[PDB]
Structure formats: C-alpha cells, structure tokens
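Written below as structure tokens is the structure these notes are about.
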Amino acid sequence: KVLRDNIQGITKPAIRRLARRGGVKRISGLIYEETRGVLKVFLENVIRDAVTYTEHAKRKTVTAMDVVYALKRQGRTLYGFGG
Amino acid sequence: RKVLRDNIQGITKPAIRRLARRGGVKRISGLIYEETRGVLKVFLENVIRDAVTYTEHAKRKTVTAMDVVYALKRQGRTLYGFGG
Amino acid sequence: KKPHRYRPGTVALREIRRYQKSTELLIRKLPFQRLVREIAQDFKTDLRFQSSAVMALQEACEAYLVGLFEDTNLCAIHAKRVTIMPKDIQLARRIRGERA
Amino acid sequence: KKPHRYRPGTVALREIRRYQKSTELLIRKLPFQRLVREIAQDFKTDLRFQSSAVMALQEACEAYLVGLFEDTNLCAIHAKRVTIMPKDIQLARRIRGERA
Amino acid sequence: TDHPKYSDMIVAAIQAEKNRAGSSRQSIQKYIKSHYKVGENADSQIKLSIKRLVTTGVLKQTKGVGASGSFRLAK
DNA sequence: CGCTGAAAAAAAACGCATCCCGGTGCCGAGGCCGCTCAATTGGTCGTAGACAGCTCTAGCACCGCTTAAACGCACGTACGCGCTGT
DNA sequence: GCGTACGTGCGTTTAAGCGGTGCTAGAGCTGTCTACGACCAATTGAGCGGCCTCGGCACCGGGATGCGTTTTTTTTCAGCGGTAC
C-alpha cells in the first residue's frame, strides 16, 4: 500500500495540516482520497515536463532547475531554487 | 466634437440577459445587472488601457485591431480571427 | 377562455437553446462603441479606432462574460440555487484570480 | 477524576492559527520523495534527482494544495457549510480551469 | 403579559383559521405576537407546547412530524 | 398563590496552552582575499530610425427612415429562505 | 410553510441599424542623411569561488497571562393546578 503505492504516504493527518493552513475547519472523509488523486495528477503533469527538460539535456539526473523551468511552464512559477 | 456621455447604461438589462442565456443561466437576480456593468467596465478598462499603451508606443492616434489583440493576449484572453 | 401563458422558466430555457445555438454578438454595436470611446478618453484624448478594433473588443467582452456567467451559474447551483446573485460572481472572480 | 474536553472545532481553529503562522513543509519528506521517484519511473527508468529538485517539487505541491483548500473552503462556505467535501474541490478546479 | 395559557392560545388560533390542511407552526408563531400580548421567548414556547399537545392528542398533525408542519384540533 | 421544577444566565474555580522572559551553544551570515574574466576604452564601419514629403485609406459625422428592441407596468408563480427536527 | 422577487406577456417608447453622403485626419510609405550601436582589440578592477570567525538566532525549561471549559450561583420564568374571593 506504501511501496508501489507510495501515494498513501500522503497521510490523512498531513493533508489535514495542509487544509488547516488553507483555513479549513472541518474536512469530509472522502476528501483524503480526492486530494491524493489531484496531487498525483499535479506531480505527474509537472514531473513529465521536468523529465522532458532533463531528457533534452542528455542527463539521467533531474536538476532543481529542470523542476523550476517546468513549474514556470505550468503557470505555477517558483522562487528560491534559482529563477 | 467628440465628448462622451454615461454609456455604461447602454449595456441594456435585456442584452445582459441574452449573454447569461448563452452562459446557460435560467434565472437572474436584479442586483446582477449593475454587478455585470461594474465587471464589464473593469474588464474593458484593463484591456483598453494596455491597447492604447500599444498605440501610444506606435505614435499613432488611431487604435488598430492588432493593438487590441496584443493587449488581450497580455490579459491571458488571446483572440483568434483579427490577426496575430 | 384565459389568454395563454408559459410558466416561469419555460421561455428562459427556450432563450438559452436559441442563443447557445447562434453566434451573432448580443450587445447593440453603437452603445458598445460609445462605451469603448468614453473609457478611451480616460487614457488619451482625440482617439480614433479601426472598425475591426471595436468589433474585436466586443467579441472578447461578450465571450468573457458568457464565460463568467457559465462559471457564476455553477457557483449558484453549488448553493442549491437556480438564480445567480452578486455573491455567485464575486466567488467565480475570486477563484479565477481576478480580484483578491 | 473528570473529562476535560475541547468542543468539536476548537482545536481545528488552534491548528489553523498554528500552521498559518509557520512555514515548515507539512508532508513527511521521505514518503513524498518515494512518491516523486514512483511517478518518475512512468516517464523514464533509473533516474536520479538533486536533493534540491525534490524539496523544490514538495514546496510547489504543498503551496498549490494550500491554495486549492483556501479556494475549496470558500466553495464550501458558499453552500452555507463549514465542512469541505469532494464536490467543493471539483468546483474550485472547474472554475480554476484545471479539468473540464 | 396578561395572557391565557399555552394550552388555550394555539387552540384560540386554529378555531380562527378554518383550513382543511390546518394552521402551521409559522401561521401560529405570527398570530400569537400580532393580536394578544407575548414576551420574547414566544416562538420557543409555542414549539414547546405543540409537542405537549401532540403526544397527548389535544392537537392533531395533518402533514409534518414533530413541531415543524401544520396541525388542527381533534374534531 | 406558593409549589417546584426548568432552564438559564451568570460567576467563580479549574486547566490549559502561549507567550515572554531567563539565558547558553552552533552554524551560517558576514566579510577578507586570492585570481579570473567581463566590463570598459577607443576607434571604425554600416545601417536603423528619425525627419520631410506624398499618397490615399479609412475613420468620423450627418441625414431620414424602418422596425427591431428597450422600456414599464401589472400579475402571480415558484423559488429563495428561514426555521425546526433527526 | 411563508412571501415576494422574478419571469411572462403586452402595449408604448426608443434609437439601433441601415445605406448613403461628403470631408480630411492621419495611416503608411518612400527616400535621404547621420547618429548611434555592433565589432573588434586591448587593458584591469569588480565581482566570483574559496575560506575564515563569531554573534544572532535556535532551543531549552521555567514562570506568568489570558483563554475556555465546566461547574456552581443568582435569576427568571411559568406553568400549572390547587387557592380563595
């Protein structure tokens, strides 16, 4: 459930913590699985691009920069890993 | 002799209805008509401001189709069929 | 014999079907044009406009609003409602990231 | 010698104040890392990552979700509710223009 | 509030509303404030005295269940 | 009326967690210091853009007319909305 | 279940839209003259990687400060249902 299904490593109480930052008071049970689903889709979309940047650099190791360039491409630009 | 009126109200209740009807809207609060005007203003304002700015840069006194497009592109609302 | 009357919402639904299917601009072209120029005068005086540049704006506007309403409508429905209200819009725009 | 008990929602509110004010990442760093690599393997095999490239992702993720929740929360409230539900998210994303 | 009892105020509201469905808790909660004299915990004592005229049988409940809905008297 | 019993409305008492102290270690901001290269100088070359002039697009303004659409009003449904129960 | 805001329809009012007119602002193009920016070559200090040093900030435990929870403490009702005239 946690090794070829690491998604479950996104712990109910961790998702709670996030939503608590979001200013959420009360949280449906169905949400935990929903959130996983979305996070997957997100990381999928980003990493796909990030890797694609790596594949173009003929590297087999993914860099910080690769990620940033990808996040910028998914209109989610990130400061503090070197714009 | 080009000095303008209070034209926002020329956005007619029944015209706004028509739009929302396209939007798939069945029933429409009275307060919405004024709300919509407000938003449309802000929108046209934001766009035109830029569009004019493009014109001011070209030292033209006439605003072109292209000026508008370039502006709408800048407001993540890109427009097809007027070039660019 | 009473005169004939459709029940509240039955003509709305027709209007929807009618306007969804069609593509003609839904704001009257002059009142819009006048509006454009009025707002222009804020940023510079004695401004002229390509007939195409006006129409171009109008297209973008209508489509935007139609968009807004679609989203707004969904905000209304979400509140177990069928009538859009200011608060419905205000939400859409907030999520869309137009206002704060 | 007696039940002392905070009423449902009183600790939530505290938790909010606590986590709003702080900036430390809120997902456990390994379970996340493992997740990253698992998803990587979909697109290419035997891939390495700068320790910074992982952290970088995690930052973006958390912040996104926190964002989503903020918006989701507002979708819930709009329905005269205080409890976020799948349907609340599904709306946010629809308006945000992430899904159809 | 120089008033009758709350077992002869809801009974003096239904006799003045000849309705085949009855008089509701929201057609009674209005009648009590308009005509008679009442305090401020009125809409909370009408309710508390239409569970003590339901379990007994003084007051009959056409469509509803509890204190929300419409009632009328026995015969 | 007092019975009495309900039910609330307050206040005092208990427990709880946060903040502000006290400090004392530890690492990361801060700077010095060594080369290295990336800015600057100075001069030469060519062409991009400003200016004046010339064409003519197309943008604006005026008229009078038809008619589709805007406007207002009056009626009543059905939908927002609040309240109470489960 | 309660109530009025909203959709419908109809009769009255408005001015968009149409096809045309004539007038010229200013769009847009050309050609020429030169002032400005690329290109090179030649010098050199400003800003880089490396490297030391030291105080702020991170904890730690300890003690008040103001929250909140739950319980006792002063307050209504408030309704009967017997009471009394």
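In the structure tokens, chains take the letters A, B, ... in the order shown, each chain's residues start at 1, and ligands count up from 1 in the order shown.
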All alpha helix (DSSP H) residues (DSSP, backbone) inside chain A, as a ChimeraX atom specification
/A:12-22,29-56,64-73
So that I have them on file, write out the residues from the current selection with C-alpha atoms, as a compact mmCIF listing (two decimals), in the first residue's frame.
```txt
# COMPACT_ATOMS: atom_id res chain seq x y z
CA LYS A 12 -4.59 11.70 6.40
CA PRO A 13 -3.08 13.88 9.24
CA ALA A 14 -0.62 15.56 6.75
CA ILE A 15 -3.50 16.53 4.34
CA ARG A 16 -5.39 17.85 7.44
CA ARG A 17 -2.30 20.03 8.26
CA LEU A 18 -2.31 21.49 4.70
CA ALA A 19 -6.09 22.32 4.74
CA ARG A 20 -5.59 23.81 8.28
CA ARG A 21 -3.12 26.25 6.60
CA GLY A 22 -5.85 26.75 3.90
CA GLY A 29 -13.56 11.71 4.85
CA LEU A 30 -13.97 11.37 1.06
CA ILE A 31 -11.53 14.38 0.62
CA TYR A 32 -8.39 12.42 1.71
CA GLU A 33 -8.61 10.11 -1.40
CA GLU A 34 -9.76 13.07 -3.62
CA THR A 35 -6.66 15.13 -2.57
CA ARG A 36 -4.32 12.17 -3.31
CA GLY A 37 -5.91 11.88 -6.80
CA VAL A 38 -5.30 15.62 -7.50
CA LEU A 39 -1.74 15.69 -6.04
CA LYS A 40 -0.86 12.68 -8.29
CA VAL A 41 -2.26 14.46 -11.42
CA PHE A 42 -0.27 17.61 -10.36
CA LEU A 43 3.13 15.89 -9.72
CA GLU A 44 2.51 13.77 -12.88
CA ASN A 45 1.94 16.90 -15.10
CA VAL A 46 4.98 18.76 -13.59
CA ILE A 47 7.49 15.84 -13.43
CA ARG A 48 6.57 14.74 -17.04
CA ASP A 49 7.76 18.20 -18.28
CA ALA A 50 10.72 18.39 -15.77
CA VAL A 51 12.00 14.95 -17.01
CA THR A 52 11.44 16.17 -20.65
CA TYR A 53 13.81 19.12 -19.79
CA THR A 54 16.33 16.54 -18.40
CA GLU A 55 15.94 14.23 -21.49
CA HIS A 56 16.79 17.34 -23.64
CA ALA A 64 16.38 21.73 -9.31
CA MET A 65 16.38 23.97 -12.45
CA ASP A 66 14.53 21.29 -14.53
CA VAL A 67 11.68 21.38 -11.93
CA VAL A 68 11.62 25.25 -11.82
CA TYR A 69 11.52 25.55 -15.67
CA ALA A 70 8.58 23.03 -15.67
CA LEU A 71 6.62 24.79 -12.84
CA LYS A 72 7.12 28.10 -14.75
CA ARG A 73 5.66 26.27 -17.84
```
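Backbone DSSP over chain E yields strand (DSSP E or B) at residues 23, 24, 59, 60, 61, 62, 63, 64, 69, 70, 71, 72 and 73 of chain E.
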Writing out the chosen residues with N, CA and C atoms as a PDB file, in the first residue's frame:
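File again01.pdb, as written:
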```pdb
ATOM      1  N   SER E  23     -53.477  24.842  10.593  1.00  0.00           N
ATOM      2  CA  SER E  23     -52.619  26.034  10.841  1.00  0.00           C
ATOM      3  C   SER E  23     -51.219  25.568  11.255  1.00  0.00           C
ATOM      4  N   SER E  24     -50.180  26.044  10.557  1.00  0.00           N
ATOM      5  CA  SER E  24     -48.759  25.636  10.736  1.00  0.00           C
ATOM      6  C   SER E  24     -48.159  26.286  11.987  1.00  0.00           C
ATOM      7  N   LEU E  59     -54.189  18.190  20.071  1.00  0.00           N
ATOM      8  CA  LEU E  59     -53.921  18.826  18.758  1.00  0.00           C
ATOM      9  C   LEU E  59     -53.441  17.761  17.759  1.00  0.00           C
ATOM     10  N   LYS E  60     -54.056  17.699  16.571  1.00  0.00           N
ATOM     11  CA  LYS E  60     -53.805  16.666  15.523  1.00  0.00           C
ATOM     12  C   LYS E  60     -52.950  17.256  14.390  1.00  0.00           C
ATOM     13  N   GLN E  61     -52.044  16.448  13.822  1.00  0.00           N
ATOM     14  CA  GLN E  61     -50.934  16.881  12.924  1.00  0.00           C
ATOM     15  C   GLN E  61     -51.116  16.268  11.527  1.00  0.00           C
ATOM     16  N   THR E  62     -51.650  17.051  10.576  1.00  0.00           N
ATOM     17  CA  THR E  62     -52.112  16.599   9.230  1.00  0.00           C
ATOM     18  C   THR E  62     -50.919  16.096   8.411  1.00  0.00           C
ATOM     19  N   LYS E  63     -50.001  17.007   8.057  1.00  0.00           N
ATOM     20  CA  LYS E  63     -48.729  16.737   7.324  1.00  0.00           C
ATOM     21  C   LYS E  63     -47.580  17.444   8.067  1.00  0.00           C
ATOM     22  N   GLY E  64     -46.472  16.731   8.328  1.00  0.00           N
ATOM     23  CA  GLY E  64     -45.335  17.182   9.163  1.00  0.00           C
ATOM     24  C   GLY E  64     -44.732  16.037   9.968  1.00  0.00           C
ATOM     25  N   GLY E  69     -44.324  21.782  10.656  1.00  0.00           N
ATOM     26  CA  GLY E  69     -45.515  21.293   9.936  1.00  0.00           C
ATOM     27  C   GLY E  69     -46.763  22.031  10.388  1.00  0.00           C
ATOM     28  N   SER E  70     -47.936  21.587   9.928  1.00  0.00           N
ATOM     29  CA  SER E  70     -49.259  22.183  10.248  1.00  0.00           C
ATOM     30  C   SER E  70     -50.109  21.200  11.063  1.00  0.00           C
ATOM     31  N   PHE E  71     -50.895  21.738  12.000  1.00  0.00           N
ATOM     32  CA  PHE E  71     -51.782  20.995  12.932  1.00  0.00           C
ATOM     33  C   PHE E  71     -53.198  21.584  12.856  1.00  0.00           C
ATOM     34  N   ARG E  72     -54.182  20.833  13.356  1.00  0.00           N
ATOM     35  CA  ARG E  72     -55.538  21.336  13.707  1.00  0.00           C
ATOM     36  C   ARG E  72     -56.021  20.563  14.942  1.00  0.00           C
ATOM     37  N   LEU E  73     -57.130  20.979  15.559  1.00  0.00           N
ATOM     38  CA  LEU E  73     -57.686  20.350  16.793  1.00  0.00           C
ATOM     39  C   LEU E  73     -58.360  19.014  16.437  1.00  0.00           C
TER      40      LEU E  73
END
```
Pairing the C-alpha atoms in order across the whole chain, superpose chain D onto chain C by least squares and write the result as a PDB file with C-alpha atoms, in the first residue's frame.
```pdb
ATOM      1  CA  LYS D   1     -60.975  34.446 -24.334  1.00  0.00           C
ATOM      2  CA  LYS D   2     -58.418  32.847 -21.877  1.00  0.00           C
ATOM      3  CA  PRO D   3     -54.891  33.418 -20.476  1.00  0.00           C
ATOM      4  CA  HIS D   4     -52.311  31.221 -22.338  1.00  0.00           C
ATOM      5  CA  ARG D   5     -49.081  31.544 -20.269  1.00  0.00           C
ATOM      6  CA  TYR D   6     -45.675  29.715 -20.140  1.00  0.00           C
ATOM      7  CA  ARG D   7     -44.599  28.872 -16.521  1.00  0.00           C
ATOM      8  CA  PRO D   8     -41.650  30.875 -15.051  1.00  0.00           C
ATOM      9  CA  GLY D   9     -38.394  29.398 -16.485  1.00  0.00           C
ATOM     10  CA  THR D  10     -39.853  27.675 -19.612  1.00  0.00           C
ATOM     11  CA  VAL D  11     -38.951  30.640 -21.941  1.00  0.00           C
ATOM     12  CA  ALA D  12     -35.541  31.125 -20.220  1.00  0.00           C
ATOM     13  CA  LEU D  13     -34.737  27.463 -21.166  1.00  0.00           C
ATOM     14  CA  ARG D  14     -35.890  28.189 -24.788  1.00  0.00           C
ATOM     15  CA  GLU D  15     -33.790  31.455 -24.858  1.00  0.00           C
ATOM     16  CA  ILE D  16     -30.731  29.420 -23.668  1.00  0.00           C
ATOM     17  CA  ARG D  17     -31.148  26.763 -26.452  1.00  0.00           C
ATOM     18  CA  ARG D  18     -31.673  29.616 -29.001  1.00  0.00           C
ATOM     19  CA  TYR D  19     -28.564  31.708 -28.032  1.00  0.00           C
ATOM     20  CA  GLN D  20     -26.201  28.754 -27.276  1.00  0.00           C
ATOM     21  CA  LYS D  21     -26.820  27.547 -30.894  1.00  0.00           C
ATOM     22  CA  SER D  22     -26.221  31.063 -32.449  1.00  0.00           C
ATOM     23  CA  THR D  23     -22.954  33.143 -32.699  1.00  0.00           C
ATOM     24  CA  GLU D  24     -24.166  36.738 -33.548  1.00  0.00           C
ATOM     25  CA  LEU D  25     -22.957  39.372 -30.995  1.00  0.00           C
ATOM     26  CA  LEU D  26     -25.630  39.974 -28.272  1.00  0.00           C
ATOM     27  CA  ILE D  27     -24.802  43.625 -27.202  1.00  0.00           C
ATOM     28  CA  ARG D  28     -26.102  46.500 -29.429  1.00  0.00           C
ATOM     29  CA  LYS D  29     -23.067  47.677 -31.468  1.00  0.00           C
ATOM     30  CA  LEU D  30     -23.345  51.514 -31.045  1.00  0.00           C
ATOM     31  CA  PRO D  31     -24.056  51.640 -27.251  1.00  0.00           C
ATOM     32  CA  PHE D  32     -20.917  49.402 -26.958  1.00  0.00           C
ATOM     33  CA  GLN D  33     -18.876  51.581 -29.391  1.00  0.00           C
ATOM     34  CA  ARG D  34     -19.818  54.766 -27.431  1.00  0.00           C
ATOM     35  CA  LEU D  35     -18.742  52.906 -24.205  1.00  0.00           C
ATOM     36  CA  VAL D  36     -15.334  51.993 -25.782  1.00  0.00           C
ATOM     37  CA  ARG D  37     -14.562  55.649 -26.723  1.00  0.00           C
ATOM     38  CA  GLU D  38     -15.784  56.983 -23.291  1.00  0.00           C
ATOM     39  CA  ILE D  39     -13.244  54.631 -21.538  1.00  0.00           C
ATOM     40  CA  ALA D  40     -10.541  55.529 -24.145  1.00  0.00           C
ATOM     41  CA  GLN D  41     -10.862  59.272 -23.218  1.00  0.00           C
ATOM     42  CA  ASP D  42      -9.630  58.292 -19.683  1.00  0.00           C
ATOM     43  CA  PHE D  43      -6.175  57.326 -21.169  1.00  0.00           C
ATOM     44  CA  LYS D  44      -5.881  59.805 -24.147  1.00  0.00           C
ATOM     45  CA  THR D  45      -8.097  62.452 -25.899  1.00  0.00           C
ATOM     46  CA  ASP D  46      -9.274  62.676 -29.568  1.00  0.00           C
ATOM     47  CA  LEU D  47      -8.530  58.959 -30.321  1.00  0.00           C
ATOM     48  CA  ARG D  48      -9.726  57.116 -33.489  1.00  0.00           C
ATOM     49  CA  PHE D  49     -10.345  53.292 -33.824  1.00  0.00           C
ATOM     50  CA  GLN D  50     -10.406  50.745 -36.745  1.00  0.00           C
ATOM     51  CA  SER D  51     -14.090  49.546 -37.081  1.00  0.00           C
ATOM     52  CA  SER D  52     -12.444  46.054 -36.699  1.00  0.00           C
ATOM     53  CA  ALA D  53     -10.663  47.082 -33.398  1.00  0.00           C
ATOM     54  CA  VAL D  54     -14.101  47.888 -31.828  1.00  0.00           C
ATOM     55  CA  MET D  55     -15.781  44.615 -33.051  1.00  0.00           C
ATOM     56  CA  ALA D  56     -12.591  42.799 -31.803  1.00  0.00           C
ATOM     57  CA  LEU D  57     -13.082  44.194 -28.234  1.00  0.00           C
ATOM     58  CA  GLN D  58     -16.872  43.393 -28.298  1.00  0.00           C
ATOM     59  CA  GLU D  59     -16.063  39.745 -29.284  1.00  0.00           C
ATOM     60  CA  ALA D  60     -13.592  39.361 -26.337  1.00  0.00           C
ATOM     61  CA  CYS D  61     -16.022  41.070 -23.859  1.00  0.00           C
ATOM     62  CA  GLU D  62     -19.168  39.041 -24.700  1.00  0.00           C
ATOM     63  CA  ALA D  63     -17.176  35.725 -24.755  1.00  0.00           C
ATOM     64  CA  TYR D  64     -15.549  36.658 -21.367  1.00  0.00           C
ATOM     65  CA  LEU D  65     -18.939  37.448 -19.723  1.00  0.00           C
ATOM     66  CA  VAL D  66     -20.558  34.318 -21.290  1.00  0.00           C
ATOM     67  CA  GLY D  67     -17.550  32.517 -19.708  1.00  0.00           C
ATOM     68  CA  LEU D  68     -18.067  34.295 -16.333  1.00  0.00           C
ATOM     69  CA  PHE D  69     -21.823  33.416 -16.328  1.00  0.00           C
ATOM     70  CA  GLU D  70     -21.070  29.703 -17.149  1.00  0.00           C
ATOM     71  CA  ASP D  71     -18.722  29.683 -14.060  1.00  0.00           C
ATOM     72  CA  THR D  72     -21.129  31.981 -12.031  1.00  0.00           C
ATOM     73  CA  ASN D  73     -24.095  29.615 -12.856  1.00  0.00           C
ATOM     74  CA  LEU D  74     -22.020  26.701 -11.397  1.00  0.00           C
ATOM     75  CA  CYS D  75     -21.332  28.783  -8.210  1.00  0.00           C
ATOM     76  CA  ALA D  76     -25.136  29.349  -7.871  1.00  0.00           C
ATOM     77  CA  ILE D  77     -26.034  25.646  -8.420  1.00  0.00           C
ATOM     78  CA  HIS D  78     -23.321  24.704  -5.825  1.00  0.00           C
ATOM     79  CA  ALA D  79     -25.439  26.710  -3.258  1.00  0.00           C
ATOM     80  CA  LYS D  80     -28.510  24.506  -4.132  1.00  0.00           C
ATOM     81  CA  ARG D  81     -29.864  27.544  -6.106  1.00  0.00           C
ATOM     82  CA  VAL D  82     -31.093  28.100  -9.722  1.00  0.00           C
ATOM     83  CA  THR D  83     -30.885  31.960  -9.547  1.00  0.00           C
ATOM     84  CA  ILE D  84     -27.410  33.610 -10.040  1.00  0.00           C
ATOM     85  CA  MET D  85     -26.656  36.463  -7.530  1.00  0.00           C
ATOM     86  CA  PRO D  86     -23.873  39.076  -7.140  1.00  0.00           C
ATOM     87  CA  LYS D  87     -22.210  36.814  -4.514  1.00  0.00           C
ATOM     88  CA  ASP D  88     -22.069  33.990  -7.171  1.00  0.00           C
ATOM     89  CA  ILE D  89     -19.976  36.190  -9.546  1.00  0.00           C
ATOM     90  CA  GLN D  90     -17.798  37.643  -6.710  1.00  0.00           C
ATOM     91  CA  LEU D  91     -16.861  33.961  -5.918  1.00  0.00           C
ATOM     92  CA  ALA D  92     -16.050  32.992  -9.563  1.00  0.00           C
ATOM     93  CA  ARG D  93     -13.775  36.064 -10.011  1.00  0.00           C
ATOM     94  CA  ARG D  94     -12.091  35.347  -6.578  1.00  0.00           C
ATOM     95  CA  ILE D  95     -11.318  31.708  -7.637  1.00  0.00           C
ATOM     96  CA  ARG D  96     -10.459  32.789 -11.257  1.00  0.00           C
ATOM     97  CA  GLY D  97      -7.948  35.193  -9.594  1.00  0.00           C
ATOM     98  CA  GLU D  98      -9.288  38.500 -11.036  1.00  0.00           C
ATOM     99  CA  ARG D  99      -9.807  40.332  -7.678  1.00  0.00           C
ATOM    100  CA  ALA D 100      -8.435  39.508  -4.139  1.00  0.00           C
TER     101      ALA D 100
END
```
Chain G residues within 12 Å of chain C, counting only C-alpha atoms (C1' of nucleotides): which ones, as a short mmCIF file (atom, residue, chain, number, x, y, z; two decimals) with N, CA, C and O atoms (P, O5', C5', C4', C3', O3' and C1' of nucleotides), in the first residue's frame?
```cif
data_model
loop_
_atom_site.label_atom_id
_atom_site.label_comp_id
_atom_site.auth_asym_id
_atom_site.auth_seq_id
_atom_site.Cartn_x
_atom_site.Cartn_y
_atom_site.Cartn_z
P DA G 5 -38.95 41.79 -2.70
"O5'" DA G 5 -37.79 41.22 -3.63
"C5'" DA G 5 -37.15 39.97 -3.32
"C4'" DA G 5 -37.16 39.08 -4.53
"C3'" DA G 5 -36.67 39.72 -5.83
"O3'" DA G 5 -35.90 38.75 -6.55
"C1'" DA G 5 -38.81 38.84 -6.17
P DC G 6 -34.86 39.18 -7.66
"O5'" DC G 6 -35.43 38.48 -8.97
"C5'" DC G 6 -35.53 37.05 -9.05
"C4'" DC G 6 -36.65 36.66 -9.98
"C3'" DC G 6 -36.53 37.19 -11.42
"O3'" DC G 6 -36.06 36.16 -12.30
"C1'" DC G 6 -38.79 37.35 -10.54
P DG G 7 -35.89 36.44 -13.88
"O5'" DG G 7 -37.22 35.80 -14.48
"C5'" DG G 7 -37.52 34.41 -14.22
"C4'" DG G 7 -38.86 34.05 -14.82
"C3'" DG G 7 -38.88 34.24 -16.34
"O3'" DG G 7 -39.68 33.24 -16.95
"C1'" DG G 7 -40.48 35.67 -15.34
P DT G 8 -39.85 33.24 -18.52
"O5'" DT G 8 -41.27 33.93 -18.72
"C5'" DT G 8 -42.48 33.38 -18.14
"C4'" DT G 8 -43.72 34.15 -18.57
"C3'" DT G 8 -43.80 34.46 -20.07
"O3'" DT G 8 -44.97 33.86 -20.66
"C1'" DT G 8 -44.23 36.42 -18.75
P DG G 9 -45.25 34.06 -22.22
"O5'" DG G 9 -46.16 35.37 -22.25
"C5'" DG G 9 -47.40 35.46 -21.53
"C4'" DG G 9 -47.95 36.86 -21.66
"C3'" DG G 9 -47.96 37.40 -23.09
"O3'" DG G 9 -49.17 38.13 -23.29
"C1'" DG G 9 -46.82 38.89 -21.75
P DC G 10 -49.55 38.68 -24.74
"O5'" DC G 10 -50.51 39.90 -24.40
"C5'" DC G 10 -50.50 40.54 -23.10
"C4'" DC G 10 -50.43 42.04 -23.25
"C3'" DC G 10 -50.53 42.58 -24.68
"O3'" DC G 10 -51.10 43.89 -24.66
"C1'" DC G 10 -48.49 43.22 -23.79
P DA G 15 -33.44 56.82 -26.60
"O5'" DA G 15 -32.66 56.06 -27.76
"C5'" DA G 15 -32.43 54.64 -27.72
"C4'" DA G 15 -31.82 54.18 -29.03
"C3'" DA G 15 -30.91 55.20 -29.71
"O3'" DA G 15 -30.01 54.55 -30.61
"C1'" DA G 15 -32.75 54.82 -31.08
P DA G 16 -28.62 54.00 -30.10
"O5'" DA G 16 -28.53 52.60 -30.87
"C5'" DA G 16 -29.02 51.41 -30.24
"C4'" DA G 16 -29.29 50.34 -31.27
"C3'" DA G 16 -28.17 50.10 -32.29
"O3'" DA G 16 -28.09 48.70 -32.61
"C1'" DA G 16 -30.10 50.91 -33.39
P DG G 17 -26.87 48.13 -33.50
"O5'" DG G 17 -27.46 48.18 -34.97
"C5'" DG G 17 -28.75 47.61 -35.25
"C4'" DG G 17 -29.17 47.89 -36.68
"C3'" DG G 17 -28.03 47.96 -37.70
"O3'" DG G 17 -28.48 47.34 -38.90
"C1'" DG G 17 -29.28 49.93 -37.81
P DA G 25 -8.04 67.67 -41.23
"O5'" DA G 25 -7.67 66.61 -40.10
"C5'" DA G 25 -8.69 66.03 -39.26
"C4'" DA G 25 -8.31 64.65 -38.75
"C3'" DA G 25 -6.89 64.49 -38.21
"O3'" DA G 25 -6.94 63.58 -37.10
"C1'" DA G 25 -7.17 63.12 -40.14
P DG G 26 -5.67 63.38 -36.15
"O5'" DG G 26 -4.97 62.09 -36.76
"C5'" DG G 26 -5.78 61.04 -37.31
"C4'" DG G 26 -4.96 60.15 -38.23
"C3'" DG G 26 -3.47 60.04 -37.88
"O3'" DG G 26 -3.02 58.76 -38.30
"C1'" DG G 26 -3.68 60.73 -40.07
P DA G 27 -2.39 57.70 -37.29
"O5'" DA G 27 -2.55 56.35 -38.12
"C5'" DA G 27 -3.79 56.03 -38.79
"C4'" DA G 27 -3.58 55.15 -40.01
"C3'" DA G 27 -2.36 54.23 -40.00
"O3'" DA G 27 -2.67 53.10 -40.84
"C1'" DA G 27 -2.07 55.89 -41.65
#
```
Using only C-alpha atoms (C1' of nucleotides), find each residue of chain F with at least one atom at most 10 Å away from an atom of chain E; report its shortest atom-to-atom pair and that distance in Å (one decimal), sort the rows by chain and rising residue number, and return the result as JSON lines.
```
{"residue": "F:83", "atom": "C1'", "partner": "E:68", "partner_atom": "CA", "distance": 8.1}
{"residue": "F:84", "atom": "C1'", "partner": "E:68", "partner_atom": "CA", "distance": 5.5}
{"residue": "F:85", "atom": "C1'", "partner": "E:66", "partner_atom": "CA", "distance": 6.7}
```
Interface rows for chain B against chain F: nearest pair, Å to one decimal, 10 Å, only C-alpha atoms (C1' of nucleotides), as JSON lines:
```
{"residue": "B:1", "atom": "CA", "partner": "F:61", "partner_atom": "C1'", "distance": 9.4}
{"residue": "B:2", "atom": "CA", "partner": "F:60", "partner_atom": "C1'", "distance": 9.6}
{"residue": "B:12", "atom": "CA", "partner": "F:70", "partner_atom": "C1'", "distance": 7.7}
{"residue": "B:13", "atom": "CA", "partner": "F:70", "partner_atom": "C1'", "distance": 8.9}
{"residue": "B:14", "atom": "CA", "partner": "F:70", "partner_atom": "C1'", "distance": 7.9}
{"residue": "B:15", "atom": "CA", "partner": "F:69", "partner_atom": "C1'", "distance": 9.7}
{"residue": "B:27", "atom": "CA", "partner": "F:79", "partner_atom": "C1'", "distance": 9.9}
{"residue": "B:62", "atom": "CA", "partner": "F:59", "partner_atom": "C1'", "distance": 8.6}
```
Measure the distance from CA of residue 54 in chain E to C1' of residue 7 in chain F in Å and round it to one decimal.
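So the answer is 22.1 Å.
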